[PDB]
Amino acid sequence: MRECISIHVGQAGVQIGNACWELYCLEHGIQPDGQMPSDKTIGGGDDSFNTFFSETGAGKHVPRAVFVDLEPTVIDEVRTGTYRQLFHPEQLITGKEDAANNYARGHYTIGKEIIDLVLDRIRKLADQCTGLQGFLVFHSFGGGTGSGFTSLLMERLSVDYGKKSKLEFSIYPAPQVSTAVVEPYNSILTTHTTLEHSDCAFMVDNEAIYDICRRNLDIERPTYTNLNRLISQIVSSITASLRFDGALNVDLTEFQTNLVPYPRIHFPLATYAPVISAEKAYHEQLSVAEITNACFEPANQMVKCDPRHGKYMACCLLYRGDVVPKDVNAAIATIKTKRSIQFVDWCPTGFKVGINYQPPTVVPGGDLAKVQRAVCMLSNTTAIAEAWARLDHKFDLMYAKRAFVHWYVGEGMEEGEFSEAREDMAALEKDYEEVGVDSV
Amino acid sequence: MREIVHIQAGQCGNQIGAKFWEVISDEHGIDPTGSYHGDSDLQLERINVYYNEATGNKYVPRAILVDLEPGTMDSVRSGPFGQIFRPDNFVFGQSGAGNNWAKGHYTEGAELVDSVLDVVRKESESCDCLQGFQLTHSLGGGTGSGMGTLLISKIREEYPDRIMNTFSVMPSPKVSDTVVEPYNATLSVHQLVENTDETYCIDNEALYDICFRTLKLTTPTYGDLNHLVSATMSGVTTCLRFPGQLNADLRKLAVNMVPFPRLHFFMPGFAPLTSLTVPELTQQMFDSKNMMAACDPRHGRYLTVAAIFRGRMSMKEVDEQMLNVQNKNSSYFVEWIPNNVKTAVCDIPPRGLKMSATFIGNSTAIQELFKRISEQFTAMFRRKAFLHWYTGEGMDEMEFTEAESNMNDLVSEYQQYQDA
Ligand SMILES: Nc1nc2c(ncn2[C@@H]2O[C@H](COP(=O)(O)OP(=O)(O)OP(=O)(O)O)[C@@H](O)[C@H]2O)c(=O)[nH]1
Ligand SMILES: Nc1nc2c(ncn2[C@@H]2O[C@H](COP(=O)(O)OP(=O)(O)O)[C@@H](O)[C@H]2O)c(=O)[nH]1
Ligand SMILES: N[C@@H](Cc1ccc(O)cc1)C(=O)O
Ligand SMILES: [Ca+2]
Ligand SMILES: [Ca+2]
Ligand SMILES: [Mg+2]
Ligand SMILES: [Mg+2]
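Chains as they are written, first to last, in the working numbering: chain A, 1 to 440; chain B, 1001 to 1420.
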């Protein structure tokens, strides 16, 4: 039942959305025209996949999703592409002029012209739900729309849906693929503004994904297409418990109980395995032990940081495919007797396990080998704060000279907003230090 | 003292309750369609304690199934004996309780509870002489724990002169779903101290250890745990369900087992548990490895004990062996309650066994269980960890402080009689 509405904001949010929804269709046997032969209840139902897809009387399975961007060219590709029939046109929303890598334009100058229309479209999706659970919001930190429009939208969703859950998948900037010098300003501004409005946020460091593609898939120079296919496998792992049933399946909301010890401490670290090429996977079966071991290898993390140099407040293992508890328990025991896994003194140390039996899927033409079993670890580690420290320092370097600040002030913002946001980030860093200190 | 009304709440509560009904249905010769096909008159003599009769000699469990989400009860309804329950007695919401006592007790549960009481009232109304209620639930989740204890309070308000009995599954970090279990269990235990007459304390750690250490199950499932619980619940209710002299109703049991109103938390045990003579049965039933609260009986004293033997066996030998246990370990039975062990025997053995025994002990050692929960509670509460899940439902920290104090008081009251 419990429906989830996905909102894909700006270029990164939209292109990652493309990859996710394509992958979901393949996992569920939904064709590009939205038909699903295996679904025998026409025009509706309460199957697990219905959390993410509504149905029309003509048998179309329609994503519960809105795609929004302030310029039209990325969403235009969706409108004209392979899955164009999947979406009702009103779910794909564009303006004419983008935010120009400026949070201020995304939140105020341009964003304000389209925010009411976007809310109207989201309301139309919500009115079709019988038990809406919440929202999943996909966006970059660095873009003007991804940063500024997302913030505005999150603020408005708090007002219109109260404390209905809002989760983010947030794309953290990397120099190898970034397109604006001001991305650190945009990141801090949006992180500050969204913090009280988000229940849980999964950061995806483009640099971490870039190096996984280069190192584990032998891709010379990863493109967004390469990055997004990997990201979608990870998002799929996280949402699989919402979209599939199963005796050993554990709901994402139940993992969230363990992952969020205080409202602001809501940024889990995801680590995914196995990421391997067809050439390397051939004749090589990677066992539960092997993929579990890989979750404690920092090179497989979706955010660059070193958990061996922090403390854990939760560890969750989300398995999919050919996996049974006996083998998981054995792998965990081995890891316990060999790894730098130290918990804070106020949290239990047991790992929380879920298993979804539906095996992983890959998109044709992709880089990942098709495997029989995979795992996503979600941990709450103080180490994730290193990501904020890196961004915060870049912010400080430029802000000390007020470099580029006139672009924001010109669009109506005040320096006071910059210092407020940065102070909130300094407080968040301190929060992460404090939770790690032993109890008196 | 005839009818008992059974309530099962939340995931654990419904999963164990379903198994309980399958097991005693089999024992009473009732098939999944509610038809009787037994060969002994003992089967029907007291069948009305747990079952109503319907047209066509049909028997229907006096059972109410409660949950804040549909999943587990959908599974029950699809289960083996699922069609035996009264369809109108499935009472459920859609939103779930998120493993959150506050959601079960104050918000989500509050919205559903009147409709549960309506069904309870309908069942109670067709009782010639209602003894009281039995509730199955866990203390570590949201619905069984929070809503289950809310129900108990409202039932007591409406039926204050009836007995309230619970089978209450206590959480353990070794067999755990979430980190907030100790908060949910602490909040619940205070409700149970006040509003139940008899609570069977079933520790998931004990169940796990029996499955793994004793039964040699390498990887126990909740299903394996529930098989043990099933068997135990059948054993402890034998005296209510069949002709007999001792502990034949919930009040007489309470009067025999509860010398001080708050100390009504029992350790149950079962024998045999194997990977059988009367002596062996008797030794195994008093064996700590056969008990289900993860407390060492030698770390305390027995205030009262009920033993129930099942199968065809020499009552002479039963009496002899029970005397031998008390006379040879007399220090573990408080001397200021003379003759505090009572024994019953029922000729009808459980399925698959020629003889069995069930143990119900009121032991001061049970304080160890409350101590473990108290420690786990404090480890988190000292840092106010995970409390936003509860404050978001309107609770304040002071309610946690009070529950913790209440449970520490319970622990202190046991210890007092341990040194008495
Ligand atoms: N992983 C991934 N990152 C992307 C993708 N597209 C853009 N990015 C990253 O997103 C940031 C740039 O923000 P965008 O999403 O392109 O910008 P926008 O939201 O459309 O905002 P404006 O164009 O300023 O209105 C940079 O850090 C890019 O590397 C993508 O498809 N995948
Ligand atoms: N023995 C046993 N324990 C269970 C079962 N299901 C859940 N639990 C335990 O019950 C507690 C969680 O509560 P649960 O009943 O699932 O939550 P609820 O639906 O909100 O009442 C934890 O301590 C679990 O270990 C079960 O089928 N058997
Ligand atoms: N020492 C504080 C740490 C803390 C961190 C972040 C917070 O938002 C709140 C508190 C505590 O555990 O209570
Ligand atoms: Ca359907
Ligand atoms: Ca409600
Ligand atoms: Mg753009
Ligand atoms: Mg549960």
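For every residue, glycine included, the Cβ atom is placed at its ideal position computed from N, Cα and C.
Opposite residue 1422 of chain B in the DSSP bridges: which residues? The displayed coordinates of chain B run from 1001 to 1420. Any statement about residue 1422 of chain B would go beyond what the structure contains.
Under the three-state DSSP convention, the category A/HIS8 falls into: DSSP places A/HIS8 in strand when its eight states are reduced to three.
What number of angstroms, rounded off, separates the C-alpha of A/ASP218 from the C-alpha of A/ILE332? Distance from the CA of A/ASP218 to the CA of A/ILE332, rounded to the nearest whole angstrom, comes to 29 angstroms.
DSSP state of B/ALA1344 mapped onto helix, strand, coil: Strand.
Backbone secondary structure at B/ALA1307 - three-state DSSP: Three-state result, B/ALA1307: strand.
To the nearest angstrom, report how far apart B/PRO1220 and B/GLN1134 are at their CA atoms. Each residue's Cα considered, the two are about 27 angstroms apart.
For a contact defined as C-beta to C-beta under 7 angstroms, what are the partners of A/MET1 on chain B? Within 7 angstroms Cβ-Cβ: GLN1094.
Endpoints, alpha helix (DSSP H) assigned at A/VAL204: In the DSSP annotation of this structure, A/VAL204 is not part of any alpha helix (DSSP H); the continuous beta strand (DSSP E) holding it starts and ends at 200-205.
By alpha-carbon positions, which one of B/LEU1130, B/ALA1206 and B/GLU1045 ends up nearest to B/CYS1239? Nearest in C-alpha terms to B/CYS1239, of all of B/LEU1130, B/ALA1206 and B/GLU1045, is B/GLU1045.
Please say whether A/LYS311 and residue 446 of chain A have beta carbons closer to each other than 8 angstroms? The first residue shown for chain A is 1 and the last is 440, placing residue 446 of chain A beyond what the model contains.
In chain order, which beta strand (DSSP E) runs of at least 3 residues are fully inside the region 49-120 of chain A? If we require 3 residues or more, the beta strand (DSSP E) runs fully inside the region 49-120 of chain A come out as 53-55, 61-63, 65-69 and 92-94.
Buried/exposed call for B/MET1315, threshold 16 Cβ in 10 Å: Counting other Cβ atoms within 10 Å of its Cβ, B/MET1315 stays below 16 and is therefore classed as exposed.
Thinking A/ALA65 and A/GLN31 are a contact (beta carbons under 8 angstroms), I'd like their distance in whole angstroms, please. About 17 angstroms separates the two Cβ atoms, so there is no contact after all.
With a threshold of 8 angstroms, are at least 3 pairs of Cβ atoms found where one atom belongs to the region 141-150 of chain A and the other to the region 60-75 of chain A? Inter-segment contact for the region 141-150 of chain A and the region 60-75 of chain A is present: three or more beta-carbon pairs are separated by less than 8 angstroms.
Collect the residues with a C-beta less than 5 angstroms away from any heavy atom of ligand 6 and give them in sequence order along the chain. That gives A/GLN11 and A/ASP98.
Quiz: which residues have CB nearer than 6 angstroms to ligand 7 non-hydrogen atoms: Listed along the chain, these residues meet the criterion: B/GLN1011, B/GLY1141 and B/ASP1177.
How is the beta strand (DSSP E) around B/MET1233 delimited, first residue to last? Under the DSSP assignment, B/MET1233 falls outside any beta strand (DSSP E), being part of the alpha helix (DSSP H) whose first and last residues are 1222-1236.
Compare the C-alpha of A/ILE93 against each of A/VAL250, A/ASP367, A/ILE7 and A/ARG221 and name the closest. For A/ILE93, the closest alpha carbon among the candidates A/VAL250, A/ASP367, A/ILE7 and A/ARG221 is that of A/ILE7.
Taking the continuous beta strand (DSSP E) assigned at A/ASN356, which residues delimit it? Here the beta strand (DSSP E) through A/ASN356 covers 352-356.
With a threshold of 8 angstroms between beta carbons, is A/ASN249 in contact with chain B? Interface residue (Cβ-Cβ distance to chain B less than 8 angstroms): A/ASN249 is not classified as such.
On the DSSP letters alone, give me the boundaries of the beta strand (DSSP E) that B/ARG1121 sits inside. Counting along the chain, B/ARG1121 sits inside no beta strand (DSSP E); it lies in the alpha helix (DSSP H) bounded by residues 1108-1125.
Neighbouring residues, chain A, relative to B/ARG1383 (Cβ below 7 angstroms): The answer, in chain order, is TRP346 and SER439.
Just the Cα atoms here: how many angstroms apart are A/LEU242 and A/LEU317? Whole-angstrom Cα-Cα distance: 15 angstroms.
Is the Cβ of A/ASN228 closer than 8 angstroms to any Cβ of chain B? Not an interface residue.
Which residues of chain B have a Cβ atom closer than 8 angstroms to the Cβ of A/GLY131, listed in chain order? In chain order: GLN1094 and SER1095.
Using three-state DSSP, classify B/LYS1058 as helix, strand or coil. Note: B/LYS1058 maps to strand in three-state DSSP.
Under 9 angstroms between beta-carbons, which chain A residues line up against B/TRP1101? List them in chain order, please. When 9 angstroms is used as the limit between beta carbons, B/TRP1101 is near no residue of chain A, the shortest such separation being about 12 angstroms.
Would B/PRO1080 count as contacting chain A if we go by Cβ distances under 8 angstroms? No, no contact with chain A.
Quick one: does the C-beta of B/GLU1111 sit closer than 7 angstroms to a heavy atom of ligand 5? Checking every heavy atom of ligand 5 against the Cβ of B/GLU1111, one is found closer than 7 angstroms.
May I ask you to check if the CB of B/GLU1368 is nearer than 7 angstroms to at least one heavy atom of ligand 5? Flag unset: Cβ of B/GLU1368 not near ligand 5.
Contact defined as beta carbons within less than 8 angstroms: I believe B/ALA1271 pairs with B/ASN1256. What is the distance between those atoms, to the nearest angstrom? So it is not a contact: roughly 21 angstroms between Cβ atoms.
Look at the Cβ atom of A/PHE343, then the Cβ atom of A/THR349, and state whether they are nearer than 8 angstroms. A/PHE343 is a Cβ neighbour of A/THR349, given a cutoff of 8 angstroms.
For chain A, find out if any of its Cβ atoms is closer than 8 angstroms to the Cβ of B/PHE1090; answer yes or no. No, no contact with chain A.
Grouping DSSP H, G and I as helix and E and B as strand, with all else coil, what is A/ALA374? Strand.
Would you say the beta carbon of A/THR193 comes nearer than 7 angstroms to a heavy atom of ligand 1? For ligand 1, not one heavy atom lies less than 7 angstroms from the Cβ of A/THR193.
C-beta neighbour in chain B for A/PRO63, strict 8 angstroms: Output row for A/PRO63: interface = no.
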